[PDB]
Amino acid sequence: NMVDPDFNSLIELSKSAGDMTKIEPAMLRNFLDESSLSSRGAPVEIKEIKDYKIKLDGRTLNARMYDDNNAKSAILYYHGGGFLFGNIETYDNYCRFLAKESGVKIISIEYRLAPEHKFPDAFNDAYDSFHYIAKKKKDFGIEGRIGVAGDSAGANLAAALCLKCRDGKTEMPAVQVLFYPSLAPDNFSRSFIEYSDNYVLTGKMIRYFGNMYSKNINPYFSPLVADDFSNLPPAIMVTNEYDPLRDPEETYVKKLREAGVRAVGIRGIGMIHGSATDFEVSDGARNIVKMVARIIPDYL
């Protein structure tokens, strides 16, 4: 079709890697994280960076805080990587870029990964970490509001934790910033089948990541299963034109607005899955990320 030519390389890198559903998952995570750290740019400079230990019930997560503006308010960032890879180090240039462009604190959280830890572990990490930080604000130097954000699998966690906050009548995030979340048990929508091969994220990789994270349709795994979208936090949704996960995301925006939740959704023309973390590689993608980061503070 008309995918942005900036992606030509990645769409090659993808094809010539061949099939990977057959190599050990721990082996696979390692390779992918190493790739991501490779041809990367100068990290934008951030005034203060601080490392944290989020001591939860029965597990401790690493969190890195990025702050360029002695910011009052924060976003908790949950990285993508299909619930299998990504970590603070591979997301470091991107979270820096987010912090610089938003001028708010960005707290990048390492939830537990599949297949060692299956659902609901990473979900419970996101929900518990939000509430940990929401109670321990001062430790993180947060004087204002806290929202949540993520990309891909991490944006699934961000959306899901907000549903749980709403369901339990708990403290709510101020905003949910969702860069192309997985949301639904989808092997059949039109975006899924049309873009199910060759656009970096494949139909086969979706099923494989799905098999690794799940044991054996709950709303905290798949938010589009929820019965009610009212009283969720204001949302920013970013979708990609050529991405199997596109259609369910655009439905989610529409459901939020129907429920009277404040929500802006934009589809990036010519973009693919992973666009946001491709900000150093695609100027269109970089401008989409800059657009979102620059309005984030208005919600905090």
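Don't overthink the numbering: it's just position in the shown sequence, from 1.
According to the entry, the deposited sequence places 4 to 9 unmodelled residues between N216 and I217. As listed in the deposited structure, the average C-alpha B-factor of 115-123 and of 182-190 is greater for 115-123.
Between 3-11 and 290-298, the higher mean Cα B-factor belongs to 3-11.
Out of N69, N231, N240, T251, the entry records its largest CA B-factor for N69. The residue among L98, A160, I75, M212 whose C-alpha carries the highest B-factor in the deposited model is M212. In this PDB entry, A42 carries a Cα temperature factor that places it within the highest third of its chain's modelled residues. Split the chain's modelled residues into thirds by C-alpha temperature factor. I142 is in the highest one. Ranked by C-alpha B-factor against the other modelled residues of its chain, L61 falls in the middle third. Remark: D283 belongs to the lowest third of its chain, ranked by C-alpha B-factor as recorded. The deposited CA B-factor of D92 belongs to the middle third of values across its chain.
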